[PDB]
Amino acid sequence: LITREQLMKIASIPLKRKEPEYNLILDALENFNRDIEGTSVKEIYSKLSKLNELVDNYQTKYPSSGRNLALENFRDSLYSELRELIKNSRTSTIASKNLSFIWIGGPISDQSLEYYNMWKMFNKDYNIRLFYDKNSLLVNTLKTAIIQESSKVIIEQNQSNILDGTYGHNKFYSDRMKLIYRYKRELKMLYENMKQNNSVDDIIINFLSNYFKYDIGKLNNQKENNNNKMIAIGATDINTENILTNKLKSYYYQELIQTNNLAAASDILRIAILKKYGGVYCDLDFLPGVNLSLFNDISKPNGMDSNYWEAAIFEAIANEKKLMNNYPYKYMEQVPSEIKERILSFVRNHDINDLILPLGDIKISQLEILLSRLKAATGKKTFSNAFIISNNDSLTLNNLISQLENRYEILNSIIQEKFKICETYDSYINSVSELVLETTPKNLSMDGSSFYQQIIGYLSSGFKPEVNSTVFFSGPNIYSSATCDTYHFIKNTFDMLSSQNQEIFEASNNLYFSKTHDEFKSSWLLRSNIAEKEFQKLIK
């Protein structure tokens, strides 16, 4: 347990009177040791949350007190107590048997249909759903149009000037963005006028035909095609369930219309799905967990990248065990013939259910969510929002929704009316910039500061070559902060958790496989390959 009240006099300073707010801690510690019976897990969490607040209050009132170091060590044991509470509250409690995927804003790929089927094959004890937005199936076409059509206009305004004239070090994206801003701004004007009567797609069809003279008939044909494919896989339409509501519903359409960011939209939708159904959410790039242990008595080639080696293992399973029709040996090319045949013979001599792992019953504490934690650039792991396990009544989930709402409200409170006012992008980033420096709170951690610095480059994300704003607003960073909220008994922090501490909220590796072709194809999002504008000056 936590230490005893008498024991807690490691916090005594010789001949120093006890302060009233010190006694408060001493009383809360007194009762906590006794009153943990006739109790609930959440009320224990709240009592640990009171103890943490009392410590804060003391340390705040007496910044220079000699008791502080003792009380900080004491506070650390609240974390260890939280850790114990989490571990034994995931006893005899499991995640709902829902498995959810999302694919919104365009046609689904045929590889995704294979991956989805793979999940279906190995988890027949789950209700598996694939969520899409029937009303917004042209968002991907819209984003392309915005980019391609604005690229054209700016390249041709500078036809001769391509001989490093004035268009060097990609002054392109600066001028292109000024125009992309105008497009987005006129689309929002359209949207506001039509939204009561029209679907996002109808609004897009209106926008693309009136502004770029795109043919209605073709756009209509893309829609049906897109929708028929979703009908064929038995996708569930989100418009027809109460999944998105109130604030989240707003941010969803904001990502759909104002920023045209489907990844951000799908980050929002993710959260709403889990709060409605709970269970597992998975990215269509991942596959059921593979039993990689069994392949330990096969030594990976000296040159091999560990990831590509494991990718190759699965290609063998997929192929020999005939799990997928369209999964080539792309990463087994690198492997020499002798090793490949050991893999292939190892596969054929093992049972299929010995190789691929089912999700089964996942023990989960009502305090936690479980998250994928993938290796990053440095070789260190980091939270990913590609695989999330949570019941809907989860504390960390409420902190997650709180994080998202908090970050979006802050952002919209400074950009939205200035998007309504500012008629040009220059004027936009000036008016927005002054607002940043006037409203940023005084004392923000390294991270709190990093966050507010992102607001300016929000609109440009995905349109300017190396701006990735949405990690801070809907992506992984809000997960490590919602996790930090829970573990440190606070709310709406911008702070993040240490590797050691993140391990607590980590979803096991047996639960998902991430070394897949479509996943490696997604890793092209962060590259120095931004000078390949030369790919489209060749186009027109």
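All residue numbers refer to positions in the sequence shown, first residue = 1.
With 256-264 and 319-327 compared on mean CA B-factor from the PDB entry, the stretch scoring higher is 319-327. On average the C-alpha atoms of 347-355 have higher B-factors than those of the other stretch, with 107-115 and 347-355 being the two compared.
Highest CA B-factor among the listed residues (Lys247, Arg373, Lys275, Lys418): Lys418. Ranking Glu409, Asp393, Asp283, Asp305 by the C-alpha B-factor listed in the PDB entry places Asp305 at the top. Sort the chain's modelled residues by C-alpha temperature factor and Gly475 lands in the middle third, per the entry. Annotation for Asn220: C-alpha temperature factor in the lowest third relative to the rest of the modelled chain, per the entry. The deposited CA B-factor of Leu208 belongs to the lowest third of values across its chain. Per the deposited record, the Cα B-factor of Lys42 falls in the highest third when ranked against the other modelled residues of its chain. Per the deposited record, the Cα B-factor of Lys229 falls in the lowest third when ranked against the other modelled residues of its chain.
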